[PDB]
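Let me begin by presenting the structure, written as structure tokens, before commenting on it.
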Amino acid sequence: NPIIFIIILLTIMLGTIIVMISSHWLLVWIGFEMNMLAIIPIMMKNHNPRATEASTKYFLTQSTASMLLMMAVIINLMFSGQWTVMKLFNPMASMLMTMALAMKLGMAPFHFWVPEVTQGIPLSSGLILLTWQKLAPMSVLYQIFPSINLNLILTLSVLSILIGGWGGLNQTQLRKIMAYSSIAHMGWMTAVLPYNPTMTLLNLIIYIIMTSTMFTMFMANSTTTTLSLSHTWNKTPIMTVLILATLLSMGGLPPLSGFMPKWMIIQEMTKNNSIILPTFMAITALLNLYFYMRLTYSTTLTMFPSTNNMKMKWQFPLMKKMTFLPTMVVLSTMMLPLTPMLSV
Amino acid sequence: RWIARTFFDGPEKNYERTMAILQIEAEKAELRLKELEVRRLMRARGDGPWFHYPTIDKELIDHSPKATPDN
Amino acid sequence: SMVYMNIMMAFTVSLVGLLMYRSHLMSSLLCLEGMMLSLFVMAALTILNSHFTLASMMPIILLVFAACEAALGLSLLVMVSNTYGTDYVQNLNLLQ
Amino acid sequence: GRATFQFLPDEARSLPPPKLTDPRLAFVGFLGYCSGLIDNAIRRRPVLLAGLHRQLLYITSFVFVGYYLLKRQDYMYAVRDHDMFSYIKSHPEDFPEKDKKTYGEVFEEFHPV
Amino acid sequence: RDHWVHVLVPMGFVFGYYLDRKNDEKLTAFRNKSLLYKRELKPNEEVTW
Amino acid sequence: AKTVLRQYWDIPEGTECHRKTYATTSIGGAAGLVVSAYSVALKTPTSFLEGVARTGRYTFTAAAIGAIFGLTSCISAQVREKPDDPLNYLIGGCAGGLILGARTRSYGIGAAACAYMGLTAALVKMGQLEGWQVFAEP
Amino acid sequence: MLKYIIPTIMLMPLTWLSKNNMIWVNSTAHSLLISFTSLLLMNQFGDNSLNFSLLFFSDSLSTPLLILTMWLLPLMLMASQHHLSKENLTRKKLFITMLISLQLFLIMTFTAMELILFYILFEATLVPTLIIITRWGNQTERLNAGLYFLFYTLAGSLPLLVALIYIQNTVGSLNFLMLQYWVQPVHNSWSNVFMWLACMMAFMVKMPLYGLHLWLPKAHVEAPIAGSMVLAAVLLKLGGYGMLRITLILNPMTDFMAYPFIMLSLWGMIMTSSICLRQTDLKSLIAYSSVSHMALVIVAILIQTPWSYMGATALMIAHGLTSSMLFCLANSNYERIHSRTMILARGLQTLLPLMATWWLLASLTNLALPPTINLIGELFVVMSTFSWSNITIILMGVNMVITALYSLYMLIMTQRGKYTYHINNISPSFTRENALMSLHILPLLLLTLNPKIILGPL
Amino acid sequence: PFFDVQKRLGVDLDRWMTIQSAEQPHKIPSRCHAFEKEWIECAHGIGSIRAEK
Amino acid sequence: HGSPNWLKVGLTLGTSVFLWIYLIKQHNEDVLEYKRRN
């Protein structure tokens, strides 16, 4: 078990390398085919039947998310037959390209693909592995880019933040609260992509870091919202300020660095005179903070820490590269004169 | 009489600083009116390498007399 | 040609309401491997007549992963029926 | 934009460079000075001016990284401006030589109150 | 010790004021103006830059 | 399709109120069809005459509001002074919303029906007037 | 500011670095030393303009405005020590640092040199003020008022980024207000109306209107410990001066649609004064007064043409000292009676005769005694809008008549008999209660000696 | 995104199973072999945005 | 007393000065490289 637990973990990133390093439609077929075969035993380890009744819902979704891709691949074999990763030379194929590929980056359609998976998994350790599946198909879209029907890609993005802004008003499961708002940032970096595909990854990098800090701060004891009442006066009061340092940043306020892509997202989006569409998104992003307020009101205000059981013992977790993470996640908004020069 | 020359100056520093930092502007607000001239309106020419997209590499073609004369 | 039109309707046995529904859940996964051979042949039409001679490995290496993907999800339905005895996709407890 | 898979090419030798003692290289690592204090503050140090080896090498991390990061950043605007001027220099019809007139021709609106 | 918590902190003012002349000494663009402010022949418009 | 909207802004211009709303009820007649699709698949299994969905009559609401959506224009765009104006096209928003006020009764739902539906109507002919584009390109 | 933010950021590694209860006497001691440095390098001459150093400071040339920003931090620490001393020392010092951090963004603000640095500093607040409402406030219904403290200012301010970058990519660059010499006119369209609309409406979120102002008697009603950040919230409301920066240029000629901002701020002016003569709260009593003659300044600006910029320069600081002083009166008489309801305070004027003088002169700044800094600017608002038309004196004059009752409605409540109660409320107005009550009129009438510095360009 | 490791270090992952006329192990051509050899020659230095025009 | 592990304490302090030495040896080279080239 502990030898191959690295080996299974090793081949996941081996999959997404082959997605990035190829000029061939059949290798990128294989690429996130073997990824979908490498995620399954991570879901299992304690062999609980709820984990099995979550992975199989995860399974046959991504099976079709594989198998629909190849149906697009044989069309531009019948249409000019070249296999370089380029324009698809058929709008009937590019339609079949994107809205199959959008399953693995789950949009406003394919609703319960995200929450029903992430809720019900006992492994709340991670399950940060669902950032890799946010990383691999974005590394195809940078190359599909100059042949899209241009209306389908923006329609899924306007709907993306519309449902994600609504989902967590009806929630206590902080996994589902973090399952939602993963639709939110995946609407923005699609909505840039017709206008300068560079600086899309700027939204991608900031989203990785502010989700990496979130579950590592959730790996103290908390899995339920009212369980985040009983740690300030029980586990550690130092965690209570630090969790307020991130939930307010990821809402996007300008003195923190969570606002930083949405600062730059308009400088690109206008100057190409699309005005009514960024205004509808930024006003929707107001609702992205009322998840966090009404959640930060619970942990930072000492809301009745009952159940007398005092932790006089020390803590030994594995906070691996943890304390160096919210130093570019708060105070980096002055520290990006050109993030669009090293990445772009 | 002994307040100015003990502390600060008049029209020898706060003038010609206005003439100084308003020459950092005409090379800033005018080069920002060249990006819109060039990036948004490049457009169908694609001369300057900003809209340069890869097509194919002709190095990997072959030229041998392959064994069918009419191909 | 008409040999491309059929088979192209034969690809539309991947009807999604008959791909995860209803119960006797093996009938769902049935047409998944049944969605294979509608792509093995349809590729092998165009590769064969237009004499490519190099992409012959492509439908062969297709069927390598086609059973290998099909090998995984069949195992999990045993693990469904390990604690239950029947598949019955109307089984639902873990909600969203 | 040619000669891909490079961190920074060998065409980047005409850089000043973006040297030390800028406030950014000061700032890159200034947060790292605050960062290692938090590493004490998580695991109940409780000292907050702790052992120097944990109090250091956060400083050594960002400072060498930040200087090695700024070298391509000034290069990237330079190569962005390196491409722009020739396309400005070419196509004289796409860059009109406008005539400047003084404030004797302009009859503006005119709207007083 | 010698109370660095005390008046050493307002001593940072001239530490800021010593840095406060570095911006002006690189703003040495124009001497030739017509607001007298002329820099005609004198060592008076040259000084205090 | 975009042939329907191409047949909307070109010919009538307030006039020809016989075929004005005949081109304008089709969008309203097609709009309830989309929500009827989810009302049988997301809402649970209905009676033995599917589609037999939960409240029903969604097309029966949608085709009526889309009928009066062009009708209140081509009446008022004919009778006031004969342009299409933001003040002129405002009137179609209020009473067209109150079918959703008449059905599913008022005082909490129909009271906002004239409220929100009117302001979003007047921006449309304002939108084509100043040269605005939602989905532009360089 | 060459080195003004530079000494005050060094005050921050001094709170938790220090000893025990010495932290109050140390923090006040350093703080007043910066106040001379503010006075010294500023107040220079002076003829269009003092571009200060570079791209981060234009020296607040036309309106000084910055002296008032720096009184308050060595003024509230003596006020907040009334009811704060019950917690851990590390938790109390955090409450000290966040208020000091509030000043540093506002030190760079009000000068700001630009517009793209303006908005990030225009939104750099609301982070420390919100935390003060959450922790160490008063009784419940805090959290909704914290949400109403958001979701208005952030709701209106977001189209400024829609507006400003639309200007930056169109005509030049908004880094320099002084490179705004070429300004194209703006005609009446259906696109340009919204261009002026987003340019203005965000500034109505902070200085209120008859609309959208329900949040303002929440933060002042449900408020921190004893008027602690409430004094800072006075400068937070008056600090929406940036309309003076922007609409002086950048579509000036759109006055055809000025009228519904003239009218709504005018009938709402006379109304919200009388909306509090039947109010039952002290901290709400000054709050609705702070709406009315703060809504006076808006018609002084949208109406252009100076003899209106003269008084409007002075009317920002008019209640800015006065309502700050009234909150100091309301922060007192609460450590002794632990409910803020005004009706329970019958039988005063006899137990505290020393502060009874301070009730008199404070409310004598609303009647305002025409040789002061209050009725020297309100006469110029008369001098402007009477040239507009002859009707405008009517609704504006009754505002000078309603607050005549509305101020003396509070003074007479102190005079009653036999007090029925109060074996507590013994304390005969200790040193902290009256020395902090000073230093408000003491610069105010001092500025009435030679009121030359309180004047715009103008 | 497309890092292109095979450009710097000079091995091909595949790059051969790409077009209709690359390798042909015993020099046996395809049916439309004669038009690949022309259509590649048209747009090689073209940056694909004017190639469709 | 004092109880470190006596292995890693000093490796951190020596690697830094090595990276301090590798810093300016890259820097004072490249400072001379701009003049030697341009």
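Following the order of the structure tokens, chains are lettered A, B, ..., residues in each are numbered from 1, and ligands are numbered from 1.
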Exercise for the section: Write out as a list in words each polymer residue whose atoms come within 10 Å of residue 47 of chain E, counting only C-alpha atoms; drop sequence neighbours fewer than 4 positions from it. Expected result: residues 12 and 13 of chain B; 42 and 43 of chain E
For segment 73-89 of chain C, work out the shell of residues within 6 Å, counting only C-alpha atoms and skipping chain neighbours fewer than 4 positions away, then give it as a short mmCIF file (atom, residue, chain, number, x, y, z; two decimals) with N, CA and C atoms, in the first residue's frame.
```cif
data_model
loop_
_atom_site.label_atom_id
_atom_site.label_comp_id
_atom_site.auth_asym_id
_atom_site.auth_seq_id
_atom_site.Cartn_x
_atom_site.Cartn_y
_atom_site.Cartn_z
N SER C 23 -32.78 0.96 -14.29
CA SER C 23 -32.15 -0.15 -13.58
C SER C 23 -32.07 -1.43 -14.41
N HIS C 24 -31.50 -2.48 -13.79
CA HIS C 24 -30.66 -3.48 -14.43
C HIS C 24 -29.50 -2.71 -15.05
N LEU C 25 -28.66 -2.15 -14.17
CA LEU C 25 -27.62 -1.19 -14.50
C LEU C 25 -26.54 -1.74 -15.43
#
```
Exercise for the section: Compile the contact shell of segment 15-28 of chain E as a PyMOL selection string: residues with an atom at most 8 Å away, counting only C-alpha atoms, same-chain residues fewer than 5 positions apart removed. Expected result: (chain B and resi 17+20-21) or (chain E and resi 49) or (chain G and resi 2-3+6-7+53-54)
Problem - Residue nearest residue 70 of chain F among F:95, F:134, F:53, F:1 (counting only C-alpha atoms) - result: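 When distances to residue 70 of chain F are compared using only C-alpha atoms, the smallest one comes from F:95.
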Practice task
Do a neighbour search on residue 49 of chain D at 12 Å with only C-alpha atoms, toss out local chain neighbours closer than 4 positions, and write the hits as a PyMOL selection string.
Solution key: (chain D and resi 33-34+36-41+45+53-56) or (chain G and resi 17)
Residues of chain A that have any atom at most 7 Å from an atom of chain G: could you tabulate them with the shortest-distance atom pair and the distance in Å to one decimal, using only C-alpha atoms, ordered by chain and increasing number, as JSON lines?
```
{"residue": "A:254", "atom": "CA", "partner": "G:120", "partner_atom": "CA", "distance": 6.1}
{"residue": "A:255", "atom": "CA", "partner": "G:124", "partner_atom": "CA", "distance": 5.5}
{"residue": "A:267", "atom": "CA", "partner": "G:165", "partner_atom": "CA", "distance": 6.8}
{"residue": "A:271", "atom": "CA", "partner": "G:169", "partner_atom": "CA", "distance": 6.3}
{"residue": "A:301", "atom": "CA", "partner": "G:135", "partner_atom": "CA", "distance": 6.7}
```
